[PDB]
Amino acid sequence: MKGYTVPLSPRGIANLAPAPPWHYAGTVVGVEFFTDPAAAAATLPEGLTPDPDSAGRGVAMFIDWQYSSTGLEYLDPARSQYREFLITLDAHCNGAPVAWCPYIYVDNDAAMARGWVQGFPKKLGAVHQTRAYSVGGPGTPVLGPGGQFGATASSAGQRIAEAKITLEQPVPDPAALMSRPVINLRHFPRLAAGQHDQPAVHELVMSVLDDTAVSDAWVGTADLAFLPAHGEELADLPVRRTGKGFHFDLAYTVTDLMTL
């Protein structure tokens, strides 16, 4: 019986995800937004406190990802490619700026499972972003000044987020786009009677990323809306205003995770 996640199996192939290293390359459409500080604070786990400078600030990201491990798994895009929508909210952890992730949606089950292991609270959704093609022409925006990119996310057949950015200038400090570490919550419940309120796993974690790289980073303006949907709470973080729109490529490897 081999495997990292279920199903465990004789050859360790059937598992939804094998053991790390997990490698990632993606393209991000991002929007800085501001919600009610109290609404953001309401989502925070016990160990985190509101950001004393930017409470209410968040970032919405729509990402086209490609995953691989040690065996050129990216040659199997029917399993290795997925699209993802998440928000993070500014917070502090012991006086240090961090980014809490309350909600995140993906269109792939393996990504969802790798997510839960990392503490990303992933559910299935349908996510899309405008793509730039280097050939150019009227079927594509330019990845440069004036380039417009749309993005959307749905869950259970309901639209939950719609966004648009217009690029203006290169990001002068690309590496600093990843400055705030992400905080997550590994959580796995119990089903034994009497224990439904006593999860087997429940721990605050900090995302650890190896060999992070950012390229082709652009900044501009942005529009963003969250839409009310049955069975979702994203829109309870209403967009009071939008800040910068961002477009960049992102790569890293995951082999570790810090339990806080």
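The first residue of the shown sequence is 1; numbering continues from there.
Legend: mean Cα B-factor per stretch from the PDB entry, 115-123 versus 167-175; the higher mean is in 167-175.
92-100 and 140-148 differ in mean CA B-factor, and the higher of the two is recorded for 92-100. Between the residues 233, 64, 203, 223, the entry's highest C-alpha temperature factor is the one at 203.
When the C-alpha B factors of 29, 59, 38, 229 are read from the deposited coordinates, the top value falls at 38. Sort the chain's modelled residues by C-alpha temperature factor and residue 25 lands in the lowest third, per the entry. Residue-level temperature factors show residue 157 in the lowest third of its chain, judged at the C-alpha atom. Residue 77: CA B factor lies in the lowest third for its chain, per the PDB record.
Among all modelled residues in its chain, residue 128 ranks in the lowest third by Cα B-factor.
Residue 190: CA B factor in the middle third of modelled residues in this chain (values from the PDB entry).
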